[PDB]
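J.: coordinates only, sequence not included:
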């Protein structure tokens, strides 16, 4: 009663569900249009994905010597920053950035 | 409660549920023919993210010599670029939240 | 022209298959607000909208190819070309005042 | 009586003339300064040139097999987009974009 | 949580050593103005602030190396990564309304 | 009805008709010495587009082994960059249409 | 008349005089804990410019075969990027001049 | 200085041939509105305006060369350097409030 | 009495001192915060450094034949432009750009 189910067609990853519900609960339930719900799937999927990439990054950072892959480490660092910046834009698009909600 | 997509614009069949969600997010009488064309591309992009994510997750499950790090990197970026484009497409159609709330 | 539209300027080279896109755009603001300059710009808008469908067909063909003949570089380039067309179209809509903010 | 001749020194291509006159007729004749007329030559030349590049592109796209030039196709696609974006800026500079005229 | 802060959302994966950064940020606007969405965003802010200190340690280690084993490329990349994190953090602060313009 | 260009700025001789067109597009008394320097570069750029287009068209007429696709690509871009610069130069001088209309 | 830096943020010891100068440039009661974290990075960057300039000047004094033009170029750019970042960091903290004057 | 201008600051290194550019710029806003900081900035503006003429001379020389000694790369680089100077000069004018919007 | 000493820790280069004092004298002495003084060191250092790089550039430009280094010439030209653009931002940050002072 205090949230909204994700649209099935949009492919919310199951592990993104706790992120999804946090975002839905950050503005009035009646202000979520069907279009907004589609966009919110991608926000939640991105927030989940940062945690996945950070795990990969930390794994690669623990490797020392010949098998260490500096290129992959560099790429993962950048991918995380790009996701973070995208998420800020996604929040603003949904009016769940702080300026709107606070 | 909705509008049929313009045939010439080539809405992908699996993009239909995305299409209808977007059409239902502003008043039916505010959809111009130009807007309907733009909305086909929005829906096609929203569908396509799901397609590229499926490809990405497949590549991520591959371990060892056949794993393709370059392809993984390229797919990650393609998804981000689609997402950013979709935000612009929503604003162009006035179905971003600032307009509809 | 039909009484609810405008013919495209011949010199601008509207593609035949772009015609249904053209008419959709023309019909999205008042007929009397289309200047001759705007009509030139609208040809390029319609041509771009058509061209996305053409590139998507090429892309889907390339995506169905598996094994040695698959061309990952071409697939990457087509994905980007479609996004660049889409973004250009948004600017072209705004330039013509047929984006939603203007019309709705 | 309803248009203006292009400045000879500016090098309007002859096939760009129908584009030129369309643009001149899109704001009041008395609002065309000599500076604007120079700028309008380049607008018209660019609008013509898109049609030229599209013809080249379509020619290259019809070629299949060993002689197909994917690099040239990619370059022409980008050149057309860059011209289109430039033309939007050129229209705004001349106040013949729709916001000004409509 | 302590009565002047908020627990981080477990699913977001706040790093243990990011906790003191987390609490500093939470305590920089009213507790009741933290939406669940904001709390997710704040995890990434805190994780980034921690990560700068980690990268700076790696950088300083590489800078102490002289001769054949010195890796100028890695040093260059780490310098840039730190600047990119710093710039991202400024955007993350503004998104949360904990930049100075909002709070002061 | 016009102003002589500052000699030190090196207005190209064939840029003169461009120069005078620009000078005549705002009040003569509003041309500061600084503006006159900037206007030399505007006129020189407007002339130079015509020069580069002549080179480009020459290269485009060449077919076969001597055709230089790289040079053609570079000239196309140089022209676009000049055009975009000219728009900025017009705005800097307040001879863009928004100012003069 | 000042505030201690948060230990977890890793203010470099030689950055301390920079830190205190920045803290003293707006009211003490307007420094939130979040601002104090951001100010550590500002001070660390201000210190680091001096470090990179020392390295740059050392490389510039080298003549002949051991001179490293690539390193010189990279250091020049790193300094400019730090400087630009610092301007953004000042604005974020409202210690740029527009805010404090 | 002549009574309608200001001497350049010696430490800033105004090029001798940049002097006529310098004086044109100084004379484009009130003498009393030139701060010492502005005078430093104006040295760089004048030096850039002079330098365009220098680069254009080099470019025209290279453009007259035909055959094996022609250096297309250098020609390309000089064209871009001139455009970058021109764009920088517009920003330098605005920074000094001697762009037309300010003065006219 | 009409200027301010630079903060020692900030590493103002000695040859940048005349630039420093010119900038300090371009707004009211009481409006220079300690933070502004740090920033002003980097402004002055950059203004000095343009003169240094121009000297290097002119030296390289006088070299003809096999020893001429076109890459270095290109890099120095760009470095000067980047410094100049940075200085404009540094002036605005300190409110000693003309819009603020005039």
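T.: It's in. Residues are numbered from 1 along each chain as shown, chains lettered A, B, ... in the order given.
J.: Chain A against chain E: which residues are in contact?
T.: A:15, A:18-19, A:21-23, A:25-26, A:47-48, A:50-51, A:54, A:70, A:74, A:77-78, A:81, A:84-85, A:87-88, A:91-92, A:96-99, A:101-102 (C-beta under 8 Å from any C-beta of the partner chain). Any C-beta I mention is one placed from the backbone N, CA and C, and that applies to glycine too.
J.: Please indicate which of the residues you listed are buried?
T.: Among the residues of chain A next to chain E, those scoring as buried are A:18-19, A:21-23, A:25-26, A:47-48, A:50-51, A:54, A:74, A:77-78, A:81, A:84-85, A:87-88, A:91-92, A:96-98, A:101 (criterion: 16 or more other C-beta atoms under 10 Å in any protein chain shown).
J.: list the contacts for the closest residue to chain G within chain A?
T.: As assessed by C-beta to the nearest C-beta, chain G sits closest to residue A:98 within chain A, at 12.4 Å. By C-beta atoms under 8 Å, 6 or more residues apart in numbering or on different chains, the contact set of residue A:98 is E:29, E:33, E:35, E:38, E:95-98, E:102.
J.: Mark which of the residues of chain A next to chain E are part of helices, please.
T.: With helices taken from DSSP state H, the overlap with the residues of chain A next to chain E comprises A:18-19, A:21-23, A:47-48, A:50-51, A:54, A:70, A:74, A:77-78, A:81, A:84-85, A:87-88, A:91-92, A:98-99, A:101.
J.: returning to that earlier point: could you find the closest non-adjacent residue to the residue of chain A closest to chain G?
T.: residue E:97 (3.9 Å; C-beta to C-beta, 6 or more residues apart in numbering or on different chains).
J.: Distance of that neighbour relative to chain H?
T.: The spacing between residue E:97 and chain H, counted by C-beta to the nearest C-beta, to the nearest Å, is 32 Å.
J.: So what does that residue have for phi and psi?
T.: phi 60, psi 40 (degrees, to the nearest 10).
J.: Test my guess that residue A:87 contacts residue A:46.
T.: Yes: when contacts are counted by C-beta atoms under 8 Å, residue A:87 is listed as touching residue A:46 (5.4 Å).
J.: Return the residues in contact with residue A:101.
T.: By C-beta under 8 Å, 6+ apart, the contact list for residue A:101 reads A:26-27, A:95, E:33, E:35, E:37-38.
J.: right, and the pair among the residues you listed with maximum separation?
T.: Spanning the widest gap among these are A:95 and E:33, at 15.1 Å by C-beta to C-beta.
J.: what sits against the residue nearest the centre of chain A?
T.: Nearest residue to the geometric centre of chain A (C-alpha atoms, centre = their mean): residue A:47, 1.8 Å. By C-beta under 8 Å, 6+ apart, residue A:47 lies in contact with A:16, A:19, A:87, E:12, E:40.
J.: rerun that using 10 Å as the cut-off
T.: For residue A:47, the contact set (C-beta atoms under 10 Å, 6 or more residues apart in numbering or on different chains) comprises A:16, A:18-20, A:22-23, A:83-84, A:87, A:90-91, E:9, E:11-12, E:37, E:40-41, E:43-44.
J.: likewise residue A:23?
T.: Per C-beta under 10 Å, 6+ apart, neighbours of residue A:23: A:3, A:16, A:32, A:36, A:39-41, A:43-44, A:47, A:90-91, A:94, A:96, E:35-37, E:40.
J.: is it true that residue A:24 touches residue A:18?
T.: No: here residue A:24 does not reach residue A:18: they are 11.0 Å apart, not a contact under C-beta atoms under 10 Å.
J.: anything in contact with each of the two?
T.: A:44, E:36.
J.: what's the burial count for the residue of chain A found nearest chain C?
T.: Taking C-beta to the nearest C-beta as the measure, chain A has residue A:35 as its residue closest to chain C, at 12.4 Å. Other residues within reach of residue A:35, judged by other C-beta atoms under 10 Å in any protein chain shown, total 25.
J.: Now do the contacts for it.
T.: Taking C-beta under 10 Å, 6+ apart as the test, what residue A:35 contacts is A:94, B:18, B:21-26, B:39, B:42, B:46, B:90, B:93, B:95-97, B:100.
J.: how does it look with 6 Å?
T.: When contacts are counted by C-beta atoms under 6 Å, 6 or more residues apart in numbering or on different chains, residue A:35 touches B:21-22, B:25, B:95.
J.: Isn't residue A:38 up against residue A:11?
T.: No: using C-beta atoms under 6 Å, residue A:38 is not in contact with residue A:11, being 10.2 Å away.
J.: out of those two, which sits in the busier spot?
T.: Using other C-beta under 10 Å as the criterion, residue A:38 and residue A:11 rank with residue A:38 on top: 25 against 18.
J.: Distance check, that one against chain E.
T.: The gap separating residue A:38 from chain E is 17 Å, by C-beta to the nearest C-beta.
J.: now residue A:28
T.: Taken as C-beta to the nearest C-beta, the span from residue A:28 to chain E is 12 Å.
J.: how deep is that residue tucked in, by neighbour count?
T.: So residue A:28, with other C-beta under 10 Å, has 9 neighbours.
J.: same check, this time on the one 3 residues further on
T.: Other residues near residue A:31 come to 13 when the count uses other C-beta under 10 Å.
J.: how close does it sit to chain D?
T.: 30 Å.
J.: just residue A:97 next, same as before
T.: 29 Å.
J.: Surely that residue touches residue A:88?
T.: No: counting by C-beta under 6 Å, residue A:97 does not reach residue A:88; the two are 7.2 Å apart.
J.: Could you list the residues in contact with stretch A:67-76?
T.: Stretch A:67-76 is touched from outside by A:53, A:56-57, A:60, B:73, E:77, with contacts defined as C-beta under 6 Å, 6+ apart.
J.: so which residue of chain A comes closest to chain I?
T.: Counting by C-beta to the nearest C-beta, chain A gets nearest chain I through residue A:85, at 21.6 Å.
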